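Descriptive analysis of the structure
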Amino acid sequence: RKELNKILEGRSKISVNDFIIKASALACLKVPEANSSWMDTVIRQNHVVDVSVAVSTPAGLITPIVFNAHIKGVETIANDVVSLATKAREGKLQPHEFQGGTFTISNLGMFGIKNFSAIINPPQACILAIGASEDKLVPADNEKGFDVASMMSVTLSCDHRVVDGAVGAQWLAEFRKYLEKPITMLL
Amino acid sequence: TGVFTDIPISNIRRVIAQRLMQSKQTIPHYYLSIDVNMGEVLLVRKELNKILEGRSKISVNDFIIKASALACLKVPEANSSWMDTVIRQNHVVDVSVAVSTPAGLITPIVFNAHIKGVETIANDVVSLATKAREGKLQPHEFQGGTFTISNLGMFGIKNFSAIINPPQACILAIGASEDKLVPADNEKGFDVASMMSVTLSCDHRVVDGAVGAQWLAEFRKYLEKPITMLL
Amino acid sequence: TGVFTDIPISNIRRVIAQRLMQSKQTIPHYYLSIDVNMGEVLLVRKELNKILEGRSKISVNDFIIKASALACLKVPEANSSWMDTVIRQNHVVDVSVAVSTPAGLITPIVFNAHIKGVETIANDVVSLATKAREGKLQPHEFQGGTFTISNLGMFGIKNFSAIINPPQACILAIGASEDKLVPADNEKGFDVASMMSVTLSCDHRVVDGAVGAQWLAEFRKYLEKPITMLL
Amino acid sequence: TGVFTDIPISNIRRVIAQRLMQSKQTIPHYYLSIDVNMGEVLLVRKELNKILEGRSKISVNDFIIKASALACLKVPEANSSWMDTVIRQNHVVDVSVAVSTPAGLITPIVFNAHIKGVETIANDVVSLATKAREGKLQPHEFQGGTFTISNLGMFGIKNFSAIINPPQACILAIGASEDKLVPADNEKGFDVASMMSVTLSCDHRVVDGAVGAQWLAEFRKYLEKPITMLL
């Protein structure tokens, strides 16, 4: 993110939430069950990824939707998120701009929250919850024997009648791999 | 054999020759050449191949196709076309790759190359190349496209200037990658770099010199900072 | 937008395309490339800019225009023209400079460039470029000339091969100046030099290969010993 | 003199211009460039000149002609021709050398250059060049051939792209030999090498890109290991 911000000499600003959205869309592509839905009679599997981001507007909560997030770069995602957040804080959003989607992301790391467990929207099947990033003290094989690492804890709230435990665990593994090797998003 | 032997021309060769002659007569070609440092792609490709434990193999041509598609997105004129009455600008990027099948040349088309990752591109290119060497390709699988890429670096070619297809407007030509000796500020004063020379053959009635130069600049930036392809 | 959007062609673009197509069809182009060491011009220009305390600004393109005019004086064939029945040899040098205005291309003409100093040339080029970007140019101010120069070194282009205007016979193409690593006899054994690559596109029915090579040799000598322009 | 003087065109110049125009209109040219290390030929030629104690003088152009003939033997497509109805493949190699006589250009033909040694080639080239500068050449002595070579390294030209003769299919263009600074594994880390750049202009309806690249690879191998010409 720092290198990309240096490259974009004021053209755009890229946040960590943009990489999170990109990794979520790619993981939903790899594991389609987390992007599916339950409709009693039938189970609908979506081939496109619409990511509804939760923004804490000081009037409640708003859910701007980033459409086709699986085929967009981090810069387009960042611009869309910024514009939609400004419009949400203004108070002017079309119903289709915040009602719908296939996946949901909620971030509360700005408030110091370490972990939290969100609630699934009725049509969707999963929701990702992102907490604060903190410098932990992980073991290492160097001279000291330890190293400082910036760790972030994420909780996925799955619908068990659509997503199995192994399926959700695979989704989390792919999400973690995408975020821990960012060049993998090129593949 | 004697002094000379005359080989009759097949109908496929005849029509290909007629098309090439018409292209060279109608399209005013002009050539723009730049040089690209490939030391970062050489590392990114190695890391991605290590990550893909036999799942897939990624070549440098795949990164080249990806960078070409992204540059065509940024500069739409190189992906446009001339139709006498009107100029057609394509919003999707179809990249026709030139493969030297030992029966002539074939042009497998990678569709929607601007929204595909390097792994999907690599798999598509491998499958299409195998089918082309087999000899079974549908007409829509090798006729059409919006951009064309030809690579001859396997043969040691340093530079070359290709010919534009009649409907399209540009064609990229990739030569061999060689270890040059560029100046550096270190103790020795020089450093070894792997350089690759590329020539873009543009149609001057569609692409201006500044436009083609911008396209080459964006292509070079994408290839020399591979993480920029995330944006 | 959809899949593609067709952009209608303006009359100016249509006539320019027709002229370029006719030029490429009628003129047999052939390209000759050389390399020039610019380390002496880089010092002469700095000294002249210091001497001119804000009175004027001299660019490298001005020295390039001056050297081109002097070389055209020495080798008249590159300044000649083809008129089917007769070959017209011009005794004056009018240099048409290609400026990439963000609406296409413009060709301001510097007249009598063989008997003008670099300061007059610089002032004329600056004024004509400002007028071209404004959009107000008389037809005689950009239609005609005897020699043509196109520069694309600002865009990082290393080499390119331009297209001859139908009446003229040659066109010079200037690429980027880069710090190479040439051999030297000093302690290290090498030295850094600023090199620039130029391609002359000659009309072979007017200019022979040896003639074009002599023209390039004289141009290179003028640029590599700037004091020679006094002679 | 005035402003301009019109020079009438001779019939020889008129017919040459018509032939060149027809060639450029009908033949779709495409250019392939490589670089050759000449340090071994520079030693072989010196040794052979020492051995020939004034009996004959061997030039680098003679080794170039020999390597061209051998490469045409290995890859027959570059020595072929296009005749609309049929493609004629020649089993003998006639090399037309371009000599810049100070009256234009002349093309003395060396026949059966694939089965002649460098000394016979050198003697034939010297005699034909003297006769061409004299001005007495039979039509069969300069009209025809299967391959064409043009050299402009005496004039300092680094690269150039020539024009194919209408009956033939390829033409080789040789530029100046220059001492570059290539990387090396010795103590310093670099080594000085004499490099020469050659461009082959192929007819794409007869010669494919891979075919031309193979021809250039064989030519480079012959020139970089001169003992290979014994095989």
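Residues numbered from 1 in each chain as written, not as in the entry; some residues may be left out. Chains lettered and ligands numbered in written order. Part of a larger assembly, values for the part shown. Heavy atoms only, no water.

1. Some points on the overall build of chain A
Of the regular secondary structure elements, chain A holds five helices and seven strands. Scanning chain A from its N terminus toward the C terminus, one meets helices and strands in the order α-α-β-β-β-β-α-α-β-β-β-α. Radius of gyration (C-alpha) of chain A: 17 Å, near the 16 Å computed for a compact globule of 187 residues. The buried share of chain A, reckoned over its 187 residues, is 43%. Summing over all exposed atoms, chain A offers an accessible surface of approximately 10,200 Å²; the carbon and sulfur share of this is 55%. Separation of charge centres in chain A, based on 19 positive and 19 negative side chains, amounts to 3 Å. (Helix = DSSP H or I, 4+ residues; strand = E, 2+ residues; numbered from the N terminus. Rg over C-alpha atoms; globule rule 2.2 N^0.38 Å. Buried < 20%, exposed > 50% of the residue type's maximum accessible area, 1.4 Å probe, protein only. Areas by Shrake-Rupley, 256 points an atom, 1.4 Å probe, with all protein chains shown as cover. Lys, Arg positive; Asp, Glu negative; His and termini not counted. Charge placed at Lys NZ, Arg CZ, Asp CG, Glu CD.)

2. Concerning the relation of the copies chain D and chain B
Each of the two copies of the chain can be brought onto the other by a rotation about an axis and a shift along it. Relative to chain B, chain D is turned by 120° and slid 0.0 Å along the rotation axis, the superposed coordinates differing by an RMSD of 0.0 Å. Seen this way, the second copy is the image of the first under a three-fold rotation axis. Minimal C-alpha separation from the rotation axis in chain D is found for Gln25(D), amounting to 3.8 Å. The fraction of interface residues of chain D whose copies in chain B are also interface residues is only 12%, indicating that the copies meet through different surfaces. (Least-squares fit on C-alpha atoms. Contact = heavy atoms within 4.5 Å.)

3. What about the interface of chain C and chain B?
Taken together, the contact between chain C and chain B spans 32 residues of the former and 34 residues of the latter. With both chains or domains summed, chain C and chain B bury close to 2,700 Å², and 64% of this area falls on carbon and sulfur atoms. At the boundary of chain C with chain B, the tally comes to one salt bridge. Where chain C meets chain B, there are nine residue pairs in polar contact. Of all the secondary structure elements, the ones that give two or more residues to the side of chain C that touches chain B are β1 (4-8), α1 (11-26), β8 (159-161), β9 (170-183) and β10 (190-203) of chain C. Taken together, the residues that form the side of chain C that touches chain B break down as 17 nonpolar, nine polar and six charged. Bridge analysis of strand β4 (residues 86-90) of chain B against β1(C) gives five bridges, and the strand direction is antiparallel. For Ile87(B), the partnering residue across the bridge sits in β1(C) and is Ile7(C). (Buried area = accessible area lost by both parts, 1.4 Å probe. Salt bridge = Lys/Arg side-chain N within 4 Å of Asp/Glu carboxyl O. Polar contact = N/O pair within 3.5 Å; in protein donor to acceptor, adjacent residues only side chain to side chain. Nonpolar A, V, L, I, M, F, W, Y, C, P; charged D, E, K, R; others polar. Pairing = 2+ DSSP bridges.)

4. Brief notes about the relation of the copies chain C and chain B
Take chain C, turn it by 120°, move it 0.0 Å along the axis, and it overlays chain B with an RMSD of 0.0 Å. When the interface residues of chain C are mapped onto chain B, a mere 12% of them again lie at the interface, so each copy presents a different face.

5. A few points about the packing of helix α3 (residues 60-74) of chain D against helix α6 (residues 209-224) of chain D
Residues and elements named next belong to chain D. For the pair α3 and α6, the least separation of the axes is 9 Å and the interaxial angle reads 135°. Taken together, the axes of α3 and α6 are oblique relative to one another. Along this stretch, α3 crosses α6, giving a crossing that reads as right-handed. In contact with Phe-63, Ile-64, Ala-67, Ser-68, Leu-70, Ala-71, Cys-72 and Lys-74 of α3, α6 contributes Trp-215, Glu-218, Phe-219, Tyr-222 and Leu-223. Here the contact of α3 with α6 is composed, by residue class, of 10 nonpolar, one polar and two charged. (Axes fitted to C-alpha atoms, helices over the stretch in contact; angles between N-to-C directions. Parallel < 35°, antiparallel > 145°, perpendicular 65-115°, else oblique. Left-handed = near helix turned anticlockwise from the far one by under 90°.)

6. Considerations on the interface of chain D and chain B
Across the boundary between the two partners, chain D contributes 34 residues, which contact 32 residues of chain B. Taking both sides of the interface into account, the surface hidden between chain D and chain B amounts to around 2,700 Å²; carbon and sulfur atoms contribute 64%. If you look at where chain D meets chain B, you find one salt bridge. Here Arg88(D) ties to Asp6(B) by a salt bridge, and the two come within 3.5 Å at their closest N and O atoms. On the surface where chain D and chain B come into contact, there are nine residue pairs in polar contact.

7. Section: the UniProt feature "binding site: CoA" in chain A
Residues and elements named next belong to chain A. Under the feature "binding site: CoA", the UniProt entry names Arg-1, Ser-15, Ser-106, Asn-107 and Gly-131. Position of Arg-1 relative to the elements: it lies in the segment before α1 (2-7). For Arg-1, a relative accessible area of 45% corresponds to the partly exposed category. Mapped onto the fold, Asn-107 is located in strand β5 (residues 103-107). Using a relative accessible area of 16% as the deciding quantity, one classes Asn-107 as buried. Apart from the residues lying within four places of it in its own chain, the contact partners of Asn-107 are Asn-17, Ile-20 and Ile-130. Of the polar contacts made by the side chain of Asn-107, one reaches the side chain of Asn-17; its length is 3.4 Å. (UniProt positions renumbered as here; feature names shortened; annotations may be inferred.)

8. Things to note about the pattern of salt bridges
This structure, assessed with the given rule, holds 31 salt bridges over all chains. One salt bridge in this structure joins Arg161(A) and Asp159(A), with 3.2 Å as the shortest N-O distance. Residues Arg220(B) and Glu224(B) are paired through a salt bridge, measuring 3.5 Å at the closest nitrogen-oxygen approach. Linking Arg220(B) with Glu224(B), this pair stays in helix α6 (residues 209-224), spanning four residues, or about one helical turn. Taking the relative accessible area as the measure of exposure, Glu224(B) reaches 25% and is therefore partly exposed. Ionic contacts of the salt-bridge type, sharing partners, join the residues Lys114(A), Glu134(A) and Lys136(A) into one network.

9. Observations regarding helix α2 (residues 39-51) of chain B
Residues and elements named next belong to chain B. With 13 residues, α2 should reach 18 Å at 1.5 Å per residue; the first-to-last C-alpha distance of 19 Å fits that figure. Listed in full, the buried residues belonging to α2 are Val-41, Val-44, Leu-48 and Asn-49. Looking straight down α2, one finds that the buried residues subtend no more than 135° of arc, so they occupy a single side. Next to the buried residues of α2 lie α3 (60-74), α4 (118-134) and α6. (Expected span 1.5 Å × (residues − 1). Arc of directions from axis to C-beta.)

10. So, the sheet that holds strand β7 (residues 147-151) of chain D
Strand order across the open sheet formed by seven strands is β8(B)-β2(D)-β10(D)-β9(D)-β7(D)-β5(D)-β6(D), with mixed pairing between neighbours. Each of the sheet's edge strands pairs with one partner strand only, and the pair in question is β8 (159-161) of chain B together with β6 (109-110) of chain D. Inspection of the sheet shows strand β5 (residues 95-98) of chain D paired to β6(D) by two bridges, in the antiparallel sense. Residue pairing across strands places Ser96(D) opposite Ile109(D), the latter belonging to β6(D). Sheet contacts for α3(D): β5, β7, β9 (170-183) and β10 (190-203) of chain D; angle to β7(D), the most-contacted strand, approximately 150°.

11. Side note on the side chain of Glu97(A)
One can find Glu97(A) in helix α4 (residues 95-98). Sequence-distant contacts of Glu97(A), that is, excluding residues within four places in its chain, are made with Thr63(A), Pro64(A), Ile65(A), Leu84(A) and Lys87(A).

12. Structural notes on the sheet that holds strand β9 (residues 170-183) of chain B
Here we have seven strands laid out as an open sheet, ordered β6(B)-β5(B)-β7(B)-β9(B)-β10(B)-β2(B)-β8(C), and mixed in their pairing. The open sheet has two edge strands, β6 (109-110) of chain B together with β8 of chain C, and neither has a second partner. The sheet contact formed by strand β7 (residues 147-151) of chain B and β9(B) spans three bridges and is parallel. Of the residues in β9(B), the one forming a bridge with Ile149(B) is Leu172(B).

13. Quick word on a nonpolar patch on the surface
All names here are of chain A. Taken together, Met-110, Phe-111 and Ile-113 make up a surface patch of nonpolar side chains, about 330 Å² in accessible area. Here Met-110 shows up in the loop between β5 and β6 (126-139). Classification of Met-110 by relative accessible area gives exposed; the value is 60%. (Patch = residues over 30% accessible without salt bridge, like charges linked within 9 Å, V, L, I, M, F, W, Y side chains within 5 Å.)

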